[PDB]
Amino acid sequence: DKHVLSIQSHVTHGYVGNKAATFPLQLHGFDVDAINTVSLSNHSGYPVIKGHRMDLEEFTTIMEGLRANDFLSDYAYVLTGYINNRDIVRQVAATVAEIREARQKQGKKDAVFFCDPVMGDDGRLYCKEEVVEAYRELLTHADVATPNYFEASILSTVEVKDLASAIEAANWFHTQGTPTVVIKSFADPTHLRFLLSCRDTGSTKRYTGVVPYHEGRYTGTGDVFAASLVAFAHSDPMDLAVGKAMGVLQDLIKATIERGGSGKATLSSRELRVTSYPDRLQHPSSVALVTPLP
Amino acid sequence: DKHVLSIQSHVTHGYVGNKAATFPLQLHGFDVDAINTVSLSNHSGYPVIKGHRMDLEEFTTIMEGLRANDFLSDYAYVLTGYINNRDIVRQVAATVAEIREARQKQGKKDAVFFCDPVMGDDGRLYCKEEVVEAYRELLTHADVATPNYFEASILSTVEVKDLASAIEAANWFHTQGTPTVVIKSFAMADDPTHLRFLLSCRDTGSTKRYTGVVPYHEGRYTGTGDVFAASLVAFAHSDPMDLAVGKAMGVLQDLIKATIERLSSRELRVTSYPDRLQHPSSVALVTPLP
Ligand SMILES: Nc1ncnc2c1ncn2[C@@H]1O[C@H](COP(=O)(O)OP(=O)(O)O)[C@@H](O)[C@H]1O
Ligand SMILES: Nc1ncnc2c1ncn2[C@@H]1O[C@H](COP(=O)(O)OP(=O)(O)O)[C@@H](O)[C@H]1O
Ligand SMILES: COCc1c(CO)cnc(C)c1O
Ligand SMILES: COCc1c(CO)cnc(C)c1O
Ligand SMILES: [Ca+2]
Ligand SMILES: [Ca+2]
Ligand SMILES: [Ca+2]
Ligand SMILES: [Ca+2]
Ligand SMILES: [Ca+2]
Ligand SMILES: [Ca+2]
Ligand SMILES: [Ca+2]
Ligand SMILES: [Cl-]
């Protein structure tokens, strides 16, 4: 059951995409089968970024290898992150559907598809325009979505500025056909607030909580968060899984600042210290409270 | 300090190349910077292999980004494994030379280049043809080489069948310019229940040699070399090379036994006993030869 197909970026330097997601999932006892959508020198925050990008043909080629070897029924979980390719984003829906069919033919429980719609952050799109719409279409097929507040804003067309606006953005996701939505953080300038929204019933259960806001811009935080969320949600209800994943991020951001990745440090300095405290990836030193809304 | 550039394969399914190497090195506290020479569905033993292979331009393009962002002096270790491309094998020499330069300019400890000359196993050359000659050239620049007995044999032209012949093959690597050689295992006609390893350390022109055995476990495994070289880089960071070989051998013995108790089934269970990757249940004896 602890087998994930993870479709995200690969970077040589630093910690984003599959490099960031893989180590935490492995520590939690998951086999991570990674399809690397790009193979780049580093994340898009650096003045230079070089390397290879998948086209649709490269993606369907990997899929043929997985299909022919009868590996598709293995994937209890599908996790998508950085793709930044309209054709490959569109193709994920067929990939997930083909996995669901292979699992049913093997008498396995249905897969769970976690979609992190990786498009941008700090108010800037760092992925192409056509990709926004392809994510709206893919999200109709996702079980869980983990947008940052920028992505939630551009998908729903609702400016996520507060709890109320986060809820309207999350209701859009549910109407779209995504049952479970985490808006991972949004605007007490010393804390960030998050929303978990679960639509069955036609009813929606909603939860909130807060985490300390650390001064500085981090990269890879969403990627570690979604990987952590898959790992905890395998054996926790989603509210607890969110709280534990928030706790993991707090430990990792604090370790990064301690090793000298403050607000004013270099991009290299601010790379998440994903490997520094492996025990704290499985067992965070705090678990954020995730409290029902009325 | 604990920063490795790892030039090996990526596979979606299973545990070879950077999939065998990365999790152990991360558990030991190393940042692993991976260049994925291929991105394939699975290792070469399955009925179907699909995926992307780098060309030279793809490799030198990645290098361009690493150079441009000033990352090259970070690499205290360079670890190469599966490449299976003559042009990239030859390019590694320039990549190491540029890292050596960047670290010397910055007054850092000399980089250590661990070359695993990945070409074949089980008597079969699963990699291309003139890759062999390219590895003989690259090995002129290696600090540590970790061939299997097949690779040691094809590179040196000595059939490695015992300790005498392992020493002849190692001596070839020393003459080519690699000071430190691990021939990871060979069978012995005269000792069928054991695999023997050799560690050979050329200095004065003197050579210190060490040997020992592990049990010869039934069956055929993949990823064993890749986890061995990664573990060796990890242990050799703080341990003398003899004790480092001993611990790496112990790690592999725990993994093979953990694989035996659990092709899809004979994949190395690399992530199943994270404790055993750092602190193996036992270390192999690695004893000096007189
Ligand atoms: N500056 C920060 N201070 C505190 N927590 C943060 C900070 N940046 C990120 N996080 C944590 O990382 C998680 C994911 O980060 P977020 O910015 O929401 O996603 P992304 O990295 O995808 O843009 C948040 O839910 C929060 O727990
Ligand atoms: N059948 C086996 N029994 C015991 N140890 C083995 C066996 N196969 C591999 N090993 C271990 O794994 C290490 C690397 O395997 P080896 O076969 O020498 O290289 P490769 O996997 O590159 O061919 C060996 O040094 C040894 O510790
Ligand atoms: C700022 O970098 C964005 C980014 C992310 C997600 O944070 C993931 N992969 C790659 C390749 C990226 O460039
Ligand atoms: C077992 O197949 C051999 C192999 C290895 C070395 O184990 C490494 N990478 C790839 C891509 C391989 O196919
Ligand atoms: Ca963010
Ligand atoms: Ca739906
Ligand atoms: Ca960010
Ligand atoms: Ca993100
Ligand atoms: Ca072998
Ligand atoms: Ca083998
Ligand atoms: Ca090998
Ligand atoms: Cl012998």
# chains A, B, ... in the order shown; residues from 1 in each chain; ligands from 1
>>> residues_near_ligand(ligand="ligand 6", cutoff="10 Å", atoms="only C-alpha atoms and all ligand atoms", output="ChimeraX atom specification")
/A:138-144,173-180
>>> residues_around(residues="residue 72 (chain A)", least_positions_apart="6", cutoff="9 Å", atoms="only C-alpha atoms", output="MDAnalysis selection string")
chainID A and resid 5 63 66 95 98:100 102:103
>>> residues_near_ligand(ligand="ligand 7", cutoff="6 Å", atoms="only C-alpha atoms and all ligand atoms", output="PyMOL selection string")
chain A and resi 121+217-219
>>> residues_near_ligand(ligand="ligand 3", cutoff="10 Å", atoms="only C-alpha atoms and all ligand atoms", output="compact mmCIF listing (two decimals) with N, CA, C and O atoms, in the first residue's frame")
# COMPACT_ATOMS: atom_id res chain seq x y z
N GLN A 8 6.98 15.25 -10.63
CA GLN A 8 7.53 16.54 -10.16
C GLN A 8 8.90 16.76 -10.84
O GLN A 8 9.37 15.88 -11.60
N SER A 9 9.49 17.91 -10.58
CA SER A 9 10.81 18.30 -11.12
C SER A 9 11.92 17.51 -10.43
O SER A 9 11.75 17.11 -9.25
N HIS A 10 13.07 17.47 -11.09
CA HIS A 10 14.38 17.09 -10.50
C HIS A 10 15.35 18.27 -10.65
O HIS A 10 15.44 18.85 -11.73
N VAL A 11 16.00 18.64 -9.56
CA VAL A 11 17.06 19.67 -9.60
C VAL A 11 18.34 19.04 -9.09
O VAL A 11 18.26 18.27 -8.08
N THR A 12 19.48 19.38 -9.70
CA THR A 12 20.79 18.91 -9.19
C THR A 12 21.12 19.59 -7.86
O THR A 12 21.32 18.90 -6.81
N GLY A 14 20.07 21.97 -4.63
CA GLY A 14 18.94 22.45 -3.82
C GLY A 14 17.80 21.46 -3.64
O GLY A 14 17.95 20.28 -4.00
N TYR A 15 16.70 21.93 -3.07
CA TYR A 15 15.59 21.09 -2.57
C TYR A 15 14.24 21.68 -2.98
O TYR A 15 13.60 22.41 -2.22
N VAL A 16 13.79 21.26 -4.13
CA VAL A 16 12.42 21.47 -4.64
C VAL A 16 12.02 20.18 -5.37
O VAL A 16 12.90 19.30 -5.60
N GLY A 17 10.73 20.07 -5.67
CA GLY A 17 10.16 18.96 -6.44
C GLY A 17 10.50 17.61 -5.84
O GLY A 17 10.40 17.43 -4.58
N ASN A 18 10.85 16.66 -6.71
CA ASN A 18 11.01 15.23 -6.33
C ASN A 18 12.18 15.05 -5.36
O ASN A 18 12.13 14.17 -4.50
N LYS A 19 13.22 15.87 -5.45
CA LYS A 19 14.34 15.72 -4.49
C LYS A 19 13.86 15.96 -3.04
O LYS A 19 14.18 15.06 -2.15
N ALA A 20 13.08 17.03 -2.86
CA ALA A 20 12.41 17.46 -1.60
C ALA A 20 11.33 16.49 -1.12
O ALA A 20 11.10 16.41 0.10
N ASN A 36 10.41 12.43 -13.53
CA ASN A 36 11.02 13.77 -13.42
C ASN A 36 10.60 14.60 -14.65
O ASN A 36 11.13 14.36 -15.74
N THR A 37 9.72 15.57 -14.45
CA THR A 37 9.08 16.38 -15.53
C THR A 37 10.13 17.33 -16.15
O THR A 37 9.93 17.72 -17.33
N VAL A 38 11.15 17.67 -15.37
CA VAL A 38 12.31 18.50 -15.79
C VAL A 38 13.52 17.97 -15.05
O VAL A 38 13.35 17.28 -14.00
N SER A 39 14.70 18.21 -15.59
CA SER A 39 15.99 17.83 -14.98
C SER A 39 16.91 19.05 -15.11
O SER A 39 17.49 19.24 -16.19
N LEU A 40 16.90 19.89 -14.08
CA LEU A 40 17.48 21.25 -14.18
C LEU A 40 18.61 21.42 -13.18
O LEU A 40 18.74 20.64 -12.22
N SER A 41 19.42 22.46 -13.37
CA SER A 41 20.59 22.71 -12.49
C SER A 41 20.11 23.08 -11.08
O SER A 41 20.82 22.75 -10.13
N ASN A 42 18.95 23.73 -10.97
CA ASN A 42 18.50 24.43 -9.73
C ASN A 42 17.09 24.95 -9.96
O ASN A 42 16.56 24.81 -11.06
N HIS A 43 16.46 25.47 -8.92
CA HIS A 43 15.09 26.04 -8.97
C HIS A 43 15.12 27.41 -9.68
O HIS A 43 16.21 27.96 -9.97
N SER A 44 13.93 27.91 -10.01
CA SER A 44 13.73 29.08 -10.89
C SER A 44 14.01 30.43 -10.20
O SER A 44 13.87 31.45 -10.89
N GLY A 45 14.32 30.43 -8.91
CA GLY A 45 14.72 31.60 -8.09
C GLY A 45 16.13 32.09 -8.42
O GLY A 45 16.40 33.29 -8.25
N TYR A 46 17.00 31.24 -8.97
CA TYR A 46 18.39 31.63 -9.30
C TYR A 46 18.41 32.45 -10.59
O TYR A 46 17.60 32.23 -11.49
N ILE A 49 19.10 29.16 -14.87
CA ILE A 49 18.51 27.81 -14.72
C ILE A 49 18.70 27.09 -16.04
O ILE A 49 18.30 27.62 -17.10
N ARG A 53 13.84 19.58 -20.30
CA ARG A 53 12.39 19.60 -20.01
C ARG A 53 11.72 18.46 -20.76
O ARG A 53 11.96 18.32 -21.95
N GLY A 81 3.32 17.62 -8.69
CA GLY A 81 3.86 18.93 -8.35
C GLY A 81 4.31 19.62 -9.64
O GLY A 81 3.49 19.72 -10.56
N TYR A 82 5.53 20.16 -9.66
CA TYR A 82 6.06 20.92 -10.81
C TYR A 82 5.99 20.06 -12.07
O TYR A 82 6.64 19.00 -12.17
N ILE A 83 5.26 20.59 -13.03
CA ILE A 83 5.16 20.03 -14.41
C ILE A 83 5.43 21.18 -15.37
O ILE A 83 6.28 21.01 -16.24
N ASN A 84 4.62 22.23 -15.33
CA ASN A 84 4.86 23.43 -16.20
C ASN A 84 4.88 23.00 -17.67
O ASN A 84 5.70 23.49 -18.48
N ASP A 116 -0.78 18.98 -6.37
CA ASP A 116 -0.20 20.29 -6.02
C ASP A 116 -0.10 21.07 -7.32
O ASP A 116 0.75 20.77 -8.13
N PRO A 117 -0.95 22.08 -7.56
CA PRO A 117 -0.98 22.76 -8.84
C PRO A 117 0.13 23.82 -8.92
O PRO A 117 -0.15 25.01 -8.80
N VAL A 118 1.36 23.36 -9.11
CA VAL A 118 2.57 24.22 -9.00
C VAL A 118 2.63 25.19 -10.18
O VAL A 118 3.02 24.78 -11.32
N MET A 119 2.40 26.48 -9.90
CA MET A 119 2.38 27.49 -10.99
C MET A 119 3.14 28.78 -10.63
O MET A 119 3.59 29.50 -11.55
N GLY A 120 3.24 29.11 -9.36
CA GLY A 120 3.81 30.40 -8.96
C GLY A 120 3.78 30.64 -7.48
O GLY A 120 3.25 29.84 -6.77
N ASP A 121 4.38 31.73 -7.04
CA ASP A 121 4.47 32.08 -5.61
C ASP A 121 4.94 33.53 -5.52
O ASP A 121 5.41 34.04 -6.56
N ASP A 122 4.84 34.13 -4.33
CA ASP A 122 5.20 35.55 -4.05
C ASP A 122 4.59 36.43 -5.15
O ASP A 122 5.30 37.33 -5.63
N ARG A 124 3.97 36.00 -8.36
CA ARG A 124 4.53 35.83 -9.73
C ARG A 124 4.30 34.40 -10.22
O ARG A 124 4.67 33.44 -9.52
N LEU A 125 3.75 34.28 -11.42
CA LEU A 125 3.60 33.04 -12.21
C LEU A 125 4.99 32.65 -12.70
O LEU A 125 5.65 33.51 -13.28
N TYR A 126 5.48 31.44 -12.42
CA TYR A 126 6.85 31.06 -12.86
C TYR A 126 6.71 29.86 -13.79
O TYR A 126 7.70 29.22 -14.14
N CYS A 127 5.48 29.62 -14.18
CA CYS A 127 5.08 28.57 -15.12
C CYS A 127 4.22 29.29 -16.14
O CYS A 127 3.72 30.36 -15.78
N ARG A 217 11.74 34.42 2.39
CA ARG A 217 11.07 33.63 1.33
C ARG A 217 11.81 32.29 1.24
O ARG A 217 13.03 32.27 1.14
N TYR A 218 11.07 31.20 1.33
CA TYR A 218 11.61 29.82 1.18
C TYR A 218 11.09 29.23 -0.14
O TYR A 218 10.06 29.66 -0.71
N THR A 219 11.83 28.24 -0.62
CA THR A 219 11.47 27.44 -1.80
C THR A 219 11.42 25.99 -1.33
O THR A 219 12.16 25.67 -0.33
N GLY A 220 10.55 25.18 -1.93
CA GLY A 220 10.48 23.75 -1.60
C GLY A 220 9.52 23.44 -0.46
O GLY A 220 9.29 22.23 -0.22
N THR A 221 8.98 24.48 0.20
CA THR A 221 8.12 24.33 1.39
C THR A 221 6.82 23.60 1.01
O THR A 221 6.45 22.64 1.69
N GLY A 222 6.16 24.04 -0.05
CA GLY A 222 4.98 23.33 -0.58
C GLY A 222 5.29 21.89 -0.94
O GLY A 222 4.47 20.98 -0.63
N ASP A 223 6.42 21.65 -1.59
CA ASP A 223 6.78 20.29 -2.04
C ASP A 223 6.95 19.38 -0.83
O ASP A 223 6.46 18.22 -0.88
N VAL A 224 7.64 19.84 0.21
CA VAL A 224 7.81 19.00 1.42
C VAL A 224 6.44 18.85 2.09
O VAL A 224 6.14 17.75 2.61
>>> interface_residues(of="chain A", to="chain B", cutoff="7 Å", atoms="only C-alpha atoms", output="ChimeraX atom specification")
/A:12-13,23,26,29,33-35,40-41,48-52,58,61-62,65-66,68-69,275-276
>>> write_last_selection(atoms="N, CA and C atoms", output="short mmCIF file (atom, residue, chain, number, x, y, z; two decimals), in the first residue's frame")
data_model
loop_
_atom_site.label_atom_id
_atom_site.label_comp_id
_atom_site.auth_asym_id
_atom_site.auth_seq_id
_atom_site.Cartn_x
_atom_site.Cartn_y
_atom_site.Cartn_z
N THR A 12 19.48 19.38 -9.70
CA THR A 12 20.79 18.91 -9.19
C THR A 12 21.12 19.59 -7.86
N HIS A 13 21.17 20.93 -7.86
CA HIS A 13 21.41 21.77 -6.66
C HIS A 13 20.09 22.07 -5.95
N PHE A 23 12.82 12.09 -0.10
CA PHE A 23 13.50 11.73 1.18
C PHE A 23 12.47 11.60 2.30
N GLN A 26 10.35 8.40 1.73
CA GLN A 26 11.20 7.20 2.00
C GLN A 26 11.37 6.96 3.51
N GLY A 29 8.57 5.19 5.03
CA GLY A 29 8.45 3.80 4.56
C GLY A 29 7.75 3.68 3.22
N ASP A 33 8.18 6.15 -6.66
CA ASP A 33 8.45 6.00 -8.10
C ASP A 33 8.34 7.42 -8.72
N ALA A 34 9.46 8.07 -9.04
CA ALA A 34 9.49 9.47 -9.53
C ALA A 34 9.53 9.50 -11.06
N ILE A 35 8.63 10.27 -11.67
CA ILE A 35 8.76 10.69 -13.08
C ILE A 35 9.22 12.13 -13.01
N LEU A 40 16.90 19.89 -14.08
CA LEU A 40 17.48 21.25 -14.18
C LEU A 40 18.61 21.42 -13.18
N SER A 41 19.42 22.46 -13.37
CA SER A 41 20.59 22.71 -12.49
C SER A 41 20.11 23.08 -11.08
N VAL A 48 20.26 32.03 -13.11
CA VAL A 48 20.43 31.10 -14.27
C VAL A 48 19.80 29.75 -13.92
N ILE A 49 19.10 29.16 -14.87
CA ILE A 49 18.51 27.81 -14.72
C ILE A 49 18.70 27.09 -16.04
N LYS A 50 19.34 25.93 -16.00
CA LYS A 50 19.68 25.19 -17.22
C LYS A 50 19.24 23.75 -17.08
N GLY A 51 18.87 23.15 -18.19
CA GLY A 51 18.74 21.69 -18.32
C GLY A 51 17.55 21.29 -19.14
N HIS A 52 17.14 20.05 -18.96
CA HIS A 52 16.23 19.34 -19.88
C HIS A 52 14.78 19.40 -19.38
N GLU A 58 8.00 12.19 -24.08
CA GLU A 58 8.89 11.60 -23.03
C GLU A 58 8.06 11.04 -21.89
N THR A 61 6.31 7.87 -23.02
CA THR A 61 7.35 6.83 -23.13
C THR A 61 7.57 6.18 -21.75
N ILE A 62 7.75 6.98 -20.69
CA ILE A 62 7.92 6.41 -19.32
C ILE A 62 6.68 5.61 -18.97
N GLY A 65 6.67 2.07 -20.30
CA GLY A 65 7.55 1.20 -19.50
C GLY A 65 6.84 0.74 -18.25
N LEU A 66 6.14 1.65 -17.59
CA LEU A 66 5.43 1.31 -16.34
C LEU A 66 4.26 0.34 -16.63
N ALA A 68 3.89 -1.73 -19.39
CA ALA A 68 4.34 -3.01 -19.97
C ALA A 68 4.84 -3.93 -18.85
N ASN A 69 5.42 -3.36 -17.77
CA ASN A 69 6.03 -4.12 -16.65
C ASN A 69 4.99 -4.37 -15.54
N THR A 275 17.61 17.34 4.75
CA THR A 275 18.37 16.15 5.26
C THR A 275 18.93 16.38 6.69
N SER A 276 18.70 17.53 7.32
CA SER A 276 19.43 17.86 8.57
C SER A 276 18.85 17.07 9.75
#
>>> select_by_dssp(residues="region 31-275 of chain A", states="strand (DSSP E)", output="PyMOL selection string")
chain A and resi 31-40+51-53+77-80+112-115+120-121+124-125+144-145+180-186+191-199+204-212
>>> write_last_selection(atoms="C-alpha atoms", output="PDB file, in the first residue's frame")
ATOM      1  CA  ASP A  31       8.491   3.478  -2.234  1.00  0.00           C
ATOM      2  CA  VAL A  32       8.641   6.680  -4.326  1.00  0.00           C
ATOM      3  CA  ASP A  33       8.446   6.002  -8.103  1.00  0.00           C
ATOM      4  CA  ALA A  34       9.495   9.470  -9.526  1.00  0.00           C
ATOM      5  CA  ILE A  35       8.761  10.685 -13.081  1.00  0.00           C
ATOM      6  CA  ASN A  36      11.020  13.774 -13.424  1.00  0.00           C
ATOM      7  CA  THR A  37       9.084  16.381 -15.535  1.00  0.00           C
ATOM      8  CA  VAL A  38      12.309  18.499 -15.792  1.00  0.00           C
ATOM      9  CA  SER A  39      15.991  17.829 -14.981  1.00  0.00           C
ATOM     10  CA  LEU A  40      17.476  21.249 -14.176  1.00  0.00           C
ATOM     11  CA  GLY A  51      18.741  21.690 -18.321  1.00  0.00           C
ATOM     12  CA  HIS A  52      16.234  19.344 -19.881  1.00  0.00           C
ATOM     13  CA  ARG A  53      12.387  19.599 -20.005  1.00  0.00           C
ATOM     14  CA  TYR A  77      -0.998   7.210  -4.253  1.00  0.00           C
ATOM     15  CA  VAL A  78      -0.346   9.623  -7.114  1.00  0.00           C
ATOM     16  CA  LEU A  79       1.362  12.941  -6.199  1.00  0.00           C
ATOM     17  CA  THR A  80       1.864  15.716  -8.788  1.00  0.00           C
ATOM     18  CA  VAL A 112      -5.661   8.653  -3.914  1.00  0.00           C
ATOM     19  CA  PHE A 113      -4.512  11.456  -6.278  1.00  0.00           C
ATOM     20  CA  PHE A 114      -2.872  14.442  -4.546  1.00  0.00           C
ATOM     21  CA  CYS A 115      -2.501  17.386  -6.982  1.00  0.00           C
ATOM     22  CA  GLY A 120       3.814  30.399  -8.964  1.00  0.00           C
ATOM     23  CA  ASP A 121       4.473  32.076  -5.606  1.00  0.00           C
ATOM     24  CA  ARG A 124       4.533  35.832  -9.729  1.00  0.00           C
ATOM     25  CA  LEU A 125       3.604  33.038 -12.205  1.00  0.00           C
ATOM     26  CA  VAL A 144      -6.766  16.259  -2.679  1.00  0.00           C
ATOM     27  CA  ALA A 145      -5.400  19.704  -3.818  1.00  0.00           C
ATOM     28  CA  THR A 180     -10.417  17.964  -0.248  1.00  0.00           C
ATOM     29  CA  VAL A 181      -8.503  21.279  -0.506  1.00  0.00           C
ATOM     30  CA  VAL A 182      -5.675  22.623   1.686  1.00  0.00           C
ATOM     31  CA  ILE A 183      -4.867  26.346   1.194  1.00  0.00           C
ATOM     32  CA  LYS A 184      -1.493  25.999   2.880  1.00  0.00           C
ATOM     33  CA  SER A 185      -1.021  29.601   4.140  1.00  0.00           C
ATOM     34  CA  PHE A 186      -2.391  33.186   3.887  1.00  0.00           C
ATOM     35  CA  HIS A 191       1.432  34.180  12.088  1.00  0.00           C
ATOM     36  CA  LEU A 192       0.125  32.535   8.881  1.00  0.00           C
ATOM     37  CA  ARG A 193      -3.367  30.937   8.812  1.00  0.00           C
ATOM     38  CA  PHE A 194      -4.318  27.833   6.738  1.00  0.00           C
ATOM     39  CA  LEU A 195      -7.644  26.334   5.562  1.00  0.00           C
ATOM     40  CA  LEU A 196      -8.630  22.666   5.236  1.00  0.00           C
ATOM     41  CA  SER A 197     -11.956  22.295   3.372  1.00  0.00           C
ATOM     42  CA  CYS A 198     -13.610  18.834   2.866  1.00  0.00           C
ATOM     43  CA  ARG A 199     -16.739  18.467   0.640  1.00  0.00           C
ATOM     44  CA  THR A 204     -18.390  20.965   3.641  1.00  0.00           C
ATOM     45  CA  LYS A 205     -16.360  20.429   6.890  1.00  0.00           C
ATOM     46  CA  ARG A 206     -13.832  23.278   7.294  1.00  0.00           C
ATOM     47  CA  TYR A 207     -10.852  23.654   9.628  1.00  0.00           C
ATOM     48  CA  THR A 208      -8.327  26.368  10.373  1.00  0.00           C
ATOM     49  CA  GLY A 209      -5.150  26.872  12.378  1.00  0.00           C
ATOM     50  CA  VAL A 210      -2.033  29.057  12.436  1.00  0.00           C
ATOM     51  CA  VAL A 211       1.765  28.614  12.377  1.00  0.00           C
ATOM     52  CA  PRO A 212       4.471  31.161  13.305  1.00  0.00           C
TER      53      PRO A 212
END
>>> residues_near_ligand(ligand="ligand 11", cutoff="10 Å", atoms="only C-alpha atoms and all ligand atoms", output="ChimeraX atom specification")
/B:16-17,81-82,116-121,146-151,184,222-229
>>> write_last_selection(atoms="N, CA, C and O atoms", output="compact mmCIF listing (two decimals), in the first residue's frame")
# COMPACT_ATOMS: atom_id res chain seq x y z
N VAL B 16 18.34 1.23 -8.47
CA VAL B 16 19.71 1.21 -9.04
C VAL B 16 20.13 2.66 -9.22
O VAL B 16 19.28 3.57 -9.08
N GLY B 17 21.40 2.88 -9.46
CA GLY B 17 21.94 4.20 -9.79
C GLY B 17 21.62 5.20 -8.69
O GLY B 17 21.71 4.82 -7.51
N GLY B 81 28.57 6.72 -11.58
CA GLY B 81 28.10 5.34 -11.76
C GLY B 81 27.64 5.11 -13.19
O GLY B 81 28.40 5.39 -14.11
N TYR B 82 26.43 4.58 -13.37
CA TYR B 82 25.88 4.34 -14.72
C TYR B 82 25.87 5.63 -15.56
O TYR B 82 25.23 6.60 -15.18
N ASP B 116 32.93 4.58 -10.16
CA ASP B 116 32.35 3.23 -10.34
C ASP B 116 32.18 2.99 -11.84
O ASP B 116 31.25 3.53 -12.48
N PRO B 117 33.06 2.18 -12.46
CA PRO B 117 33.08 2.03 -13.92
C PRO B 117 32.00 1.07 -14.41
O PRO B 117 32.34 -0.03 -14.87
N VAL B 118 30.73 1.54 -14.36
CA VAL B 118 29.51 0.72 -14.56
C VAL B 118 29.41 0.32 -16.03
O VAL B 118 29.11 1.18 -16.85
N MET B 119 29.65 -0.97 -16.33
CA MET B 119 29.69 -1.52 -17.71
C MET B 119 28.97 -2.87 -17.82
O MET B 119 28.42 -3.15 -18.89
N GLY B 120 28.93 -3.70 -16.78
CA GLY B 120 28.21 -4.97 -16.87
C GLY B 120 28.31 -5.77 -15.61
O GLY B 120 28.91 -5.28 -14.61
N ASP B 121 27.67 -6.94 -15.63
CA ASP B 121 27.64 -7.86 -14.46
C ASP B 121 27.17 -9.23 -14.94
O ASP B 121 26.55 -9.30 -16.02
N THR B 146 35.78 1.63 -7.89
CA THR B 146 35.06 0.52 -7.23
C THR B 146 34.49 -0.42 -8.27
O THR B 146 33.30 -0.71 -8.24
N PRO B 147 35.32 -0.99 -9.17
CA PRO B 147 34.78 -1.94 -10.15
C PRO B 147 34.25 -3.24 -9.52
O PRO B 147 34.81 -3.67 -8.51
N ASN B 148 33.27 -3.91 -10.15
CA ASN B 148 32.94 -5.33 -9.82
C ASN B 148 33.99 -6.19 -10.54
O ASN B 148 34.88 -5.60 -11.23
N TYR B 149 33.97 -7.51 -10.37
CA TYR B 149 35.10 -8.33 -10.85
C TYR B 149 35.05 -8.33 -12.38
O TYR B 149 36.14 -8.26 -12.98
N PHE B 150 33.86 -8.27 -12.96
CA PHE B 150 33.72 -8.24 -14.44
C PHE B 150 34.43 -7.00 -15.00
O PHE B 150 35.16 -7.10 -16.00
N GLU B 151 34.15 -5.83 -14.42
CA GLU B 151 34.71 -4.53 -14.88
C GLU B 151 36.23 -4.50 -14.66
O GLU B 151 36.93 -4.03 -15.54
N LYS B 184 35.11 -5.31 -5.54
CA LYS B 184 34.07 -5.35 -4.48
C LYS B 184 33.79 -6.79 -4.06
O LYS B 184 33.35 -7.03 -2.91
N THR B 222 20.55 -6.61 -7.87
CA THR B 222 20.83 -5.33 -8.55
C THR B 222 20.95 -4.25 -7.48
O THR B 222 20.46 -4.47 -6.33
N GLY B 223 21.64 -3.16 -7.80
CA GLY B 223 21.78 -2.00 -6.92
C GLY B 223 22.89 -2.18 -5.89
O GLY B 223 23.13 -1.21 -5.19
N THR B 224 23.53 -3.36 -5.84
CA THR B 224 24.49 -3.75 -4.76
C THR B 224 25.71 -2.86 -4.88
O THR B 224 26.03 -2.20 -3.85
N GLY B 225 26.29 -2.77 -6.09
CA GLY B 225 27.41 -1.85 -6.36
C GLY B 225 27.07 -0.42 -6.02
O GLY B 225 27.91 0.28 -5.43
N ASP B 226 25.90 0.03 -6.43
CA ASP B 226 25.53 1.46 -6.32
C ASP B 226 25.40 1.83 -4.83
O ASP B 226 25.89 2.91 -4.42
N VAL B 227 24.76 0.98 -4.05
CA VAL B 227 24.64 1.23 -2.58
C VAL B 227 26.03 1.08 -1.97
O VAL B 227 26.36 1.88 -1.07
N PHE B 228 26.84 0.13 -2.46
CA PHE B 228 28.21 -0.07 -1.89
C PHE B 228 29.03 1.21 -2.07
O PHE B 228 29.63 1.73 -1.10
N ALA B 229 29.09 1.76 -3.29
CA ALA B 229 29.95 2.96 -3.55
C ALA B 229 29.47 4.15 -2.74
O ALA B 229 30.32 4.86 -2.13
>>> decode(residues="region 220-225 of chain A", atoms="N, CA and C atoms", output="PDB file, in the first residue's frame")
ATOM      1  N   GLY A 220      10.550  25.176  -1.934  1.00  0.00           N
ATOM      2  CA  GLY A 220      10.476  23.748  -1.603  1.00  0.00           C
ATOM      3  C   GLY A 220       9.521  23.442  -0.461  1.00  0.00           C
ATOM      4  N   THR A 221       8.982  24.479   0.198  1.00  0.00           N
ATOM      5  CA  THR A 221       8.119  24.332   1.395  1.00  0.00           C
ATOM      6  C   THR A 221       6.823  23.604   1.011  1.00  0.00           C
ATOM      7  N   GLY A 222       6.164  24.035  -0.052  1.00  0.00           N
ATOM      8  CA  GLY A 222       4.984  23.329  -0.581  1.00  0.00           C
ATOM      9  C   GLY A 222       5.289  21.891  -0.937  1.00  0.00           C
ATOM     10  N   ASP A 223       6.419  21.654  -1.589  1.00  0.00           N
ATOM     11  CA  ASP A 223       6.782  20.295  -2.042  1.00  0.00           C
ATOM     12  C   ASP A 223       6.953  19.379  -0.834  1.00  0.00           C
ATOM     13  N   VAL A 224       7.639  19.837   0.207  1.00  0.00           N
ATOM     14  CA  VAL A 224       7.810  18.997   1.420  1.00  0.00           C
ATOM     15  C   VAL A 224       6.443  18.846   2.086  1.00  0.00           C
ATOM     16  N   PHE A 225       5.637  19.898   2.086  1.00  0.00           N
ATOM     17  CA  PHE A 225       4.319  19.849   2.752  1.00  0.00           C
ATOM     18  C   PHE A 225       3.423  18.770   2.096  1.00  0.00           C
TER      19      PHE A 225
END
